[PDB]
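This report concerns only the one structure given below.
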Amino acid sequence: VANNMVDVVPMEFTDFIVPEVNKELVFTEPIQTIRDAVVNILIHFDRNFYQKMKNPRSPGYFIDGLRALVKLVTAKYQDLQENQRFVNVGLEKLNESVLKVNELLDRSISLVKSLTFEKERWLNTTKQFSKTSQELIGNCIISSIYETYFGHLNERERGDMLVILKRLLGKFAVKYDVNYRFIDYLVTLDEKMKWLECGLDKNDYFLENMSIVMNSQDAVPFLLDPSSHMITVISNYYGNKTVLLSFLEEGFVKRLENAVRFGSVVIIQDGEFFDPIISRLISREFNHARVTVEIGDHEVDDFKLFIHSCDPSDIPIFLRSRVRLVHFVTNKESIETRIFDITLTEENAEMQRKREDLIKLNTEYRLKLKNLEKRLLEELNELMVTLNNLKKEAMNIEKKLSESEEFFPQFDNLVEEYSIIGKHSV
C-alpha cells in the first residue's frame, strides 16, 4: 500500500548509502532505493506510535500520513527544483559575465576580486543546496508525521515522539535537521502576525495546533477547546464568512444545506453529541457528475467544515478516524513551557527582543539579498555595487548568527538554572 502510494512521486533524487540492520527489522523488499527506506521508517514509526499510545489499531493514520507526505514532498521538491534551476542559471550567467569582463589595473583587479567572491559564494550555495537536498526527505517525513500524528499530544509526549522519529531516521541512515521547527520552516512572519492579531495565544503550542488545523486539507479538523477561544479567533479570522452551529439547534439540516449551497465556513459546537447525518460530508464521499454529496434524505450539490467541542472528558467512534484531532487542554508540560516563557519575558525583555529582532532582520536581509540577486540576474540577461551590497548583507547575517551563537550559552544556562523553578511550580 505504501509503495503504491509513494511510487508516483519522484523520491530517487538524492544519494543513499545502504545501512547494516537486522533481518528481522525490515518488512518490505531488501533496501535498494529511497522508497523502501521511507516505508520501513514510517511503518517502524507507526508501530512505535501505537506502542506508546497503548484494542484494534486503525490504519487511517497511515493513509493520512502517506497523503500528507505526498503533498509535502511534491511541494518542497518543486520549490527546491526551482531554486536549484535559478542558482544554476545564475552561476552560468556569472561565469559568462566574468569571461566577458576578463576579455575586455585597479578595475581589472576589482573585477577579478568580485569574480572570485562570486565563485566562492556559488560554491557555498552549491554545498547549501546539496545539504538541503539531502535534508529534504527527512524534513518532509518530520513535517507530514507532525501533521497527521501529533495533533492530540501535549508538549512532552510530542517531543519524545519526535526524538523517537529522529532516532528511527538515524537508524535507517536518512539525514534530517538537528534543529527542525515547524514554525520557522513552513510558516512565515505574515501568517504569524495574522494569527496573533486574530487573537491567538502567544505560546508556540496553540500556534502549531492552529497551523495543523488550517493545513489539513484531507481530514476535517476537530477542535477540543474547553475554553472556547478558538471559536472567537476563527470568527475573527473569517470575518462574516462564519456560520456558527451546533447539534443542539433544531434547524441544523437547513443551516447546513444553505451553507453548502452558498459555500461558507461552518463551525459545529458540542462535538460530543455528533449526529451521523453528515457522515458522508465528513468522509468526503462525493459523486462527480458537478460534485454531489448525500446529506440526510435529499441530494445536495469553497466549503470548509470545523468541529468545536468543550468536552475534555468522549469522541464518537469512526469520527476520530475521519477527523484531525487536536487539543487545547493545558497540562503539566504546557504549564512548564508557559511559566518558562513568562519568566524569560519578565526577567530580561532586552535579550528576548534582541533575539527576535535579530531573527526578523536576518530573514529580511535574506529576502532583500534574494530580491537583489534576482534583479541583477534579470538585468544581466553596477555589478560591483550589487556585489558589495550582497557582501555587506552576508556579513551582517554572519555577525547576527555569531551573536546568536554566543548568546545561546546564556539561554542554556538560564534553562539549566530555571528547570528547578519549572519542576517546583509543576
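Residues are named by chain letter and number: chains run A, B, ... in the order of the C-alpha cells, numbers start at 1 in each chain, and ligands are numbered from 1 in the order shown.
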All alpha helix (DSSP H) residues (DSSP, backbone) inside range 250-404 of chain A, as number ranges by chain: A: 252-262, 279-283, 319-322, 332-347, 349-380, 383-404
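The environment of range 409-416 of chain A within 12 Å, counting only C-alpha atoms and disregarding residues fewer than 4 places along the same chain, consists of residues 336, 337, 339, 340, 341, 343, 344, 347, 348, 351, 352, 355, 402, 403, 404, 405, 420, 421, 422 and 423 of chain A.
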Contacts of range 2-15 of chain A at 12 Å or less, counting only C-alpha atoms, minus same-chain residues fewer than 5 places along, as a ChimeraX atom specification? /A:27-29,32-43,59,62-78,80-81,129-138,140,173-175
Env of residue 210 in chain A: 12 Å cut, atoms = only C-alpha atoms, seq-sep filter 3 positions within chain, self excluded. Answer as a VMD selection string. chain A and resid 147 151 183 187 191 to 192 194 to 196 198 to 201 203 to 207 213 to 216 221 to 225 229 to 231 233 to 234 237 306 324 to 328
Export of the given selection (N, CA and C atoms) as a compact mmCIF listing (two decimals), in the first residue's frame:
# COMPACT_ATOMS: atom_id res chain seq x y z
N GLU A 147 2.10 16.59 11.15
CA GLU A 147 0.76 16.96 10.72
C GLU A 147 -0.27 15.90 11.08
N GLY A 151 -1.26 15.82 16.54
CA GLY A 151 -2.29 16.78 16.90
C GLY A 151 -2.83 16.63 18.31
N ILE A 183 7.39 25.98 12.78
CA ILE A 183 7.03 27.39 12.66
C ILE A 183 8.05 28.13 11.80
N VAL A 187 6.09 28.31 8.21
CA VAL A 187 5.27 29.49 8.50
C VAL A 187 6.16 30.71 8.36
N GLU A 191 1.96 35.09 8.30
CA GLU A 191 0.96 34.22 8.93
C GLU A 191 1.04 34.31 10.45
N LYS A 192 2.25 34.45 11.00
CA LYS A 192 2.39 34.63 12.44
C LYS A 192 1.69 35.90 12.91
N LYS A 194 -0.77 37.44 11.32
CA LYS A 194 -2.20 37.24 11.14
C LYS A 194 -2.81 36.44 12.29
N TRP A 195 -2.15 35.35 12.69
CA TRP A 195 -2.64 34.53 13.79
C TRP A 195 -2.65 35.31 15.09
N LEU A 196 -1.59 36.08 15.35
CA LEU A 196 -1.52 36.82 16.61
C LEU A 196 -2.52 37.97 16.66
N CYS A 198 -5.39 37.93 15.10
CA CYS A 198 -6.72 37.34 15.21
C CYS A 198 -7.09 36.98 16.65
N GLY A 199 -6.12 36.94 17.56
CA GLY A 199 -6.41 36.72 18.96
C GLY A 199 -5.85 35.43 19.53
N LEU A 200 -4.76 34.94 18.94
CA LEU A 200 -4.20 33.67 19.37
C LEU A 200 -3.28 33.85 20.56
N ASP A 201 -3.10 32.76 21.31
CA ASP A 201 -2.19 32.76 22.44
C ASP A 201 -0.75 32.90 21.96
N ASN A 203 1.78 31.42 23.17
CA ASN A 203 2.51 30.17 23.26
C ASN A 203 2.65 29.52 21.89
N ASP A 204 3.73 28.76 21.72
CA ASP A 204 4.00 28.13 20.43
C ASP A 204 3.05 26.97 20.16
N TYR A 205 2.59 26.29 21.22
CA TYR A 205 1.80 25.08 21.05
C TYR A 205 0.46 25.37 20.37
N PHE A 206 -0.21 26.44 20.77
CA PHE A 206 -1.51 26.75 20.18
C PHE A 206 -1.34 27.25 18.75
N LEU A 207 -0.23 27.95 18.47
CA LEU A 207 0.09 28.33 17.10
C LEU A 207 0.29 27.10 16.22
N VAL A 213 -4.38 22.62 12.07
CA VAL A 213 -5.81 22.68 11.78
C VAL A 213 -6.05 23.27 10.40
N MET A 214 -5.39 24.38 10.08
CA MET A 214 -5.63 25.00 8.78
C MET A 214 -4.71 24.49 7.68
N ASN A 215 -3.88 23.48 7.96
CA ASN A 215 -3.05 22.85 6.94
C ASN A 215 -3.41 21.37 6.77
N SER A 216 -4.65 21.02 7.08
CA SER A 216 -5.17 19.66 6.93
C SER A 216 -6.27 19.71 5.87
N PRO A 221 -10.90 19.14 10.42
CA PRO A 221 -10.28 19.37 11.74
C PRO A 221 -11.29 19.24 12.87
N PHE A 222 -10.85 18.59 13.95
CA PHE A 222 -11.59 18.53 15.20
C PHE A 222 -10.87 19.39 16.23
N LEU A 223 -11.62 20.24 16.93
CA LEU A 223 -11.06 21.15 17.92
C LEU A 223 -11.59 20.76 19.29
N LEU A 224 -10.69 20.36 20.19
CA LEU A 224 -11.05 20.11 21.58
C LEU A 224 -10.55 21.30 22.40
N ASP A 225 -11.40 22.31 22.52
CA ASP A 225 -11.04 23.59 23.14
C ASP A 225 -12.00 23.87 24.29
N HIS A 229 -11.93 29.57 23.01
CA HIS A 229 -11.42 30.80 22.42
C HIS A 229 -11.13 30.63 20.94
N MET A 230 -10.88 29.39 20.49
CA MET A 230 -10.68 29.15 19.07
C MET A 230 -11.91 29.50 18.24
N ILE A 231 -13.11 29.37 18.81
CA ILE A 231 -14.32 29.80 18.10
C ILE A 231 -14.24 31.29 17.79
N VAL A 233 -11.49 33.23 17.71
CA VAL A 233 -10.39 33.60 16.82
C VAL A 233 -10.67 33.16 15.39
N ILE A 234 -11.41 32.06 15.21
CA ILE A 234 -11.81 31.65 13.87
C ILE A 234 -12.85 32.61 13.31
N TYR A 237 -10.93 35.53 12.23
CA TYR A 237 -10.14 35.20 11.05
C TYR A 237 -10.99 35.23 9.79
N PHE A 306 -15.59 22.75 10.30
CA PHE A 306 -14.85 22.71 11.56
C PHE A 306 -15.76 22.16 12.65
N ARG A 324 -9.24 15.30 12.13
CA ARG A 324 -7.91 15.64 12.62
C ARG A 324 -8.06 16.10 14.07
N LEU A 325 -7.56 15.29 14.99
CA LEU A 325 -7.75 15.53 16.42
C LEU A 325 -6.63 16.41 16.96
N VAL A 326 -6.98 17.60 17.44
CA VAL A 326 -6.04 18.50 18.10
C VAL A 326 -6.58 18.80 19.49
N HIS A 327 -5.72 19.30 20.36
CA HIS A 327 -6.09 19.61 21.74
C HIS A 327 -5.66 21.03 22.11
N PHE A 328 -6.44 21.65 22.99
CA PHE A 328 -6.13 22.95 23.57
C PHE A 328 -6.19 22.89 25.09
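One distance worth recording is that between CA of residue 26 in chain A and CA of residue 178 in chain A, which is 25.3 Å.
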Within 12 Å of residue 373 in chain A, counting only C-alpha atoms, which residues qualify if same-chain residues fewer than 4 places away don't, as an MDAnalysis selection string? chainID A and resid 86:87 89:91 93:94 118 366:369 377:380 383 385:391 393
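Picture a line from CA of residue 365 in chain A to CA of residue 188 in chain A; it runs 14.3 Å.
Residue-level DSSP output for range 278-375 of chain A, from the backbone, shows strand (DSSP E or B) at residues 287, 288, 291, 292, 293, 294, 295, 298, 299, 300, 304, 305, 306, 307, 308, 309, 323, 324, 325, 326 and 327 of chain A.
Proximity to residue 159 in chain A at 12 Å, evaluated using only C-alpha atoms and with sequence-adjacent residues fewer than 5 positions away removed, yields residues 142, 146, 150, 153, 154, 164, 165, 166, 180, 181, 205 and 333 of chain A.
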Residues as selected, N, CA, C and O atoms, written as a PDB file, in the first residue's frame, can you do that?
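Written file, part-v5.pdb:
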ATOM      1  N   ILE A 142       9.367  14.452   8.807  1.00  0.00           N
ATOM      2  CA  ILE A 142       9.084  15.110  10.083  1.00  0.00           C
ATOM      3  C   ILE A 142       7.806  15.934   9.988  1.00  0.00           C
ATOM      4  O   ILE A 142       6.923  15.838  10.846  1.00  0.00           O
ATOM      5  N   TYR A 146       4.313  15.061  11.783  1.00  0.00           N
ATOM      6  CA  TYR A 146       3.857  16.050  12.750  1.00  0.00           C
ATOM      7  C   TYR A 146       2.435  16.495  12.438  1.00  0.00           C
ATOM      8  O   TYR A 146       1.640  16.763  13.347  1.00  0.00           O
ATOM      9  N   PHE A 150       0.635  14.099  15.522  1.00  0.00           N
ATOM     10  CA  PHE A 150       0.972  14.818  16.744  1.00  0.00           C
ATOM     11  C   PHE A 150      -0.074  15.851  17.147  1.00  0.00           C
ATOM     12  O   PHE A 150       0.208  16.686  18.013  1.00  0.00           O
ATOM     13  N   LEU A 153      -1.535  15.572  21.084  1.00  0.00           N
ATOM     14  CA  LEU A 153      -0.443  15.361  22.020  1.00  0.00           C
ATOM     15  C   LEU A 153      -0.165  16.627  22.816  1.00  0.00           C
ATOM     16  O   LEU A 153      -0.322  17.747  22.317  1.00  0.00           O
ATOM     17  N   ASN A 154       0.242  16.438  24.069  1.00  0.00           N
ATOM     18  CA  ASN A 154       0.828  17.513  24.850  1.00  0.00           C
ATOM     19  C   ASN A 154       2.281  17.710  24.420  1.00  0.00           C
ATOM     20  O   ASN A 154       2.801  16.990  23.567  1.00  0.00           O
ATOM     21  N   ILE A 164      11.964   9.958  19.112  1.00  0.00           N
ATOM     22  CA  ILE A 164      11.876   8.594  18.589  1.00  0.00           C
ATOM     23  C   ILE A 164      11.964   8.602  17.065  1.00  0.00           C
ATOM     24  O   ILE A 164      12.651   7.770  16.456  1.00  0.00           O
ATOM     25  N   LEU A 165      11.287   9.562  16.430  1.00  0.00           N
ATOM     26  CA  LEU A 165      11.290   9.644  14.973  1.00  0.00           C
ATOM     27  C   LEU A 165      12.675   9.971  14.423  1.00  0.00           C
ATOM     28  O   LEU A 165      13.102   9.384  13.422  1.00  0.00           O
ATOM     29  N   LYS A 166      13.394  10.908  15.051  1.00  0.00           N
ATOM     30  CA  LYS A 166      14.729  11.223  14.544  1.00  0.00           C
ATOM     31  C   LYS A 166      15.702  10.083  14.823  1.00  0.00           C
ATOM     32  O   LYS A 166      16.630   9.850  14.039  1.00  0.00           O
ATOM     33  N   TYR A 180      15.177  21.231  13.728  1.00  0.00           N
ATOM     34  CA  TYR A 180      13.944  21.421  12.977  1.00  0.00           C
ATOM     35  C   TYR A 180      12.894  22.143  13.815  1.00  0.00           C
ATOM     36  O   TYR A 180      12.786  21.946  15.029  1.00  0.00           O
ATOM     37  N   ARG A 181      12.112  22.988  13.146  1.00  0.00           N
ATOM     38  CA  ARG A 181      10.983  23.667  13.774  1.00  0.00           C
ATOM     39  C   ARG A 181       9.931  23.914  12.705  1.00  0.00           C
ATOM     40  O   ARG A 181      10.249  24.467  11.648  1.00  0.00           O
ATOM     41  N   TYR A 205       2.592  26.294  21.221  1.00  0.00           N
ATOM     42  CA  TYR A 205       1.795  25.081  21.054  1.00  0.00           C
ATOM     43  C   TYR A 205       0.464  25.367  20.371  1.00  0.00           C
ATOM     44  O   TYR A 205       0.044  24.624  19.476  1.00  0.00           O
ATOM     45  N   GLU A 333       3.199  19.853  31.099  1.00  0.00           N
ATOM     46  CA  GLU A 333       4.198  20.341  30.152  1.00  0.00           C
ATOM     47  C   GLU A 333       3.842  21.733  29.647  1.00  0.00           C
ATOM     48  O   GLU A 333       4.723  22.590  29.495  1.00  0.00           O
TER      49      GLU A 333
END
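Among A:288, A:44, A:107, A:119, the residue with the shortest atom-to-atom distance to residue 171 in chain A, counting only C-alpha atoms, is A:44.
You will find CA of residue 319 in chain A at 8.3 Å from CA of residue 279 in chain A.
Between residue 255 in chain A and the candidates A:18, A:267, A:162, A:109, the tightest atom-to-atom separation, counting only C-alpha atoms, involves A:267.
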